[PDB]
Amino acid sequence: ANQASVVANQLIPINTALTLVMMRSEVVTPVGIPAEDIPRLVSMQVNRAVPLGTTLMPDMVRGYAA
């Protein structure tokens, strides 16, 4: 129900280290990476371009394992 996920706050370019400005929290479906993981994700890289408003999924972040 009100599980919030990490959502792209701007287009995130491929192979670019995540910064706090790039990540917002929103209740979306399907559910993606939990919004409490935003601190964890800083400096991790995405393996593909992530368009604005896209929910970040585990498979999109290199090295992510919950």
# chains A, B, ... in the order shown; residues from 1 in each chain; ligands from 1
>>> select_by_dssp(residues="range 3-42 of chain A", states="strand (DSSP E or B)", output="PDB file with N, CA and C atoms, in the first residue's frame")
ATOM      1  N   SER A   5       8.989   4.432  -3.206  1.00  0.00           N
ATOM      2  CA  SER A   5      10.121   3.974  -3.982  1.00  0.00           C
ATOM      3  C   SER A   5      10.944   5.155  -4.439  1.00  0.00           C
ATOM      4  N   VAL A   6      12.172   4.864  -4.889  1.00  0.00           N
ATOM      5  CA  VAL A   6      13.058   5.886  -5.448  1.00  0.00           C
ATOM      6  C   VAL A   6      12.603   6.153  -6.884  1.00  0.00           C
ATOM      7  N   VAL A   7      12.397   7.434  -7.209  1.00  0.00           N
ATOM      8  CA  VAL A   7      11.952   7.869  -8.532  1.00  0.00           C
ATOM      9  C   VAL A   7      12.976   8.912  -9.020  1.00  0.00           C
ATOM     10  N   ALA A   8      13.331   8.841 -10.308  1.00  0.00           N
ATOM     11  CA  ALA A   8      14.280   9.748 -10.937  1.00  0.00           C
ATOM     12  C   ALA A   8      13.741  11.177 -10.937  1.00  0.00           C
ATOM     13  N   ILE A  12      18.649  10.577 -15.482  1.00  0.00           N
ATOM     14  CA  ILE A  12      19.905  10.120 -14.961  1.00  0.00           C
ATOM     15  C   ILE A  12      20.640   9.450 -16.135  1.00  0.00           C
ATOM     16  N   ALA A  17      27.370   8.518 -11.553  1.00  0.00           N
ATOM     17  CA  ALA A  17      27.226   8.386 -10.121  1.00  0.00           C
ATOM     18  C   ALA A  17      26.005   9.193  -9.614  1.00  0.00           C
ATOM     19  N   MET A  23      17.299  12.015  -6.904  1.00  0.00           N
ATOM     20  CA  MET A  23      16.384  10.986  -6.389  1.00  0.00           C
ATOM     21  C   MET A  23      15.268  11.526  -5.514  1.00  0.00           C
ATOM     22  N   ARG A  24      14.008  11.320  -5.886  1.00  0.00           N
ATOM     23  CA  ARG A  24      12.915  11.702  -5.005  1.00  0.00           C
ATOM     24  C   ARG A  24      12.196  10.432  -4.537  1.00  0.00           C
ATOM     25  N   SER A  25      11.227  10.543  -3.636  1.00  0.00           N
ATOM     26  CA  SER A  25      10.501   9.408  -3.114  1.00  0.00           C
ATOM     27  C   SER A  25       9.057   9.655  -3.522  1.00  0.00           C
ATOM     28  N   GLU A  26       8.391   8.597  -3.968  1.00  0.00           N
ATOM     29  CA  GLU A  26       7.007   8.676  -4.358  1.00  0.00           C
ATOM     30  C   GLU A  26       6.352   7.310  -4.243  1.00  0.00           C
ATOM     31  N   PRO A  34      13.223   0.717  -2.325  1.00  0.00           N
ATOM     32  CA  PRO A  34      12.638   1.498  -1.240  1.00  0.00           C
ATOM     33  C   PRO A  34      13.266   2.854  -1.041  1.00  0.00           C
TER      34      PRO A  34
END
>>> select_by_dssp(residues="chain A", states="alpha helix (DSSP H)", output="count of residues only")
4
>>> residues_around(residues="residue 30 in chain A", least_positions_apart="5", cutoff="12 Å", atoms="only C-alpha atoms", output="ChimeraX atom specification")
/A:1-7,54-57
>>> closest_atom_pairs(of="range 9-33 of chain A", to="range 44-51 of chain A", cutoff="12 Å", atoms="only C-alpha atoms", output="JSON lines")
{"residue": "A:9", "atom": "CA", "partner": "A:51", "partner_atom": "CA", "distance": 8.8}
{"residue": "A:10", "atom": "CA", "partner": "A:51", "partner_atom": "CA", "distance": 7.0}
{"residue": "A:11", "atom": "CA", "partner": "A:51", "partner_atom": "CA", "distance": 4.5}
{"residue": "A:12", "atom": "CA", "partner": "A:50", "partner_atom": "CA", "distance": 5.0}
{"residue": "A:13", "atom": "CA", "partner": "A:49", "partner_atom": "CA", "distance": 4.6}
{"residue": "A:14", "atom": "CA", "partner": "A:49", "partner_atom": "CA", "distance": 4.3}
{"residue": "A:15", "atom": "CA", "partner": "A:45", "partner_atom": "CA", "distance": 5.4}
{"residue": "A:16", "atom": "CA", "partner": "A:45", "partner_atom": "CA", "distance": 5.2}
{"residue": "A:17", "atom": "CA", "partner": "A:45", "partner_atom": "CA", "distance": 4.5}
{"residue": "A:18", "atom": "CA", "partner": "A:44", "partner_atom": "CA", "distance": 5.7}
{"residue": "A:19", "atom": "CA", "partner": "A:44", "partner_atom": "CA", "distance": 8.7}
{"residue": "A:20", "atom": "CA", "partner": "A:44", "partner_atom": "CA", "distance": 11.2}
{"residue": "A:22", "atom": "CA", "partner": "A:50", "partner_atom": "CA", "distance": 10.2}
{"residue": "A:23", "atom": "CA", "partner": "A:50", "partner_atom": "CA", "distance": 11.0}
>>> closest_residue(among="A:35, A:21, A:28, A:41", to="residue 64 in chain A", atoms="only C-alpha atoms")
A:41
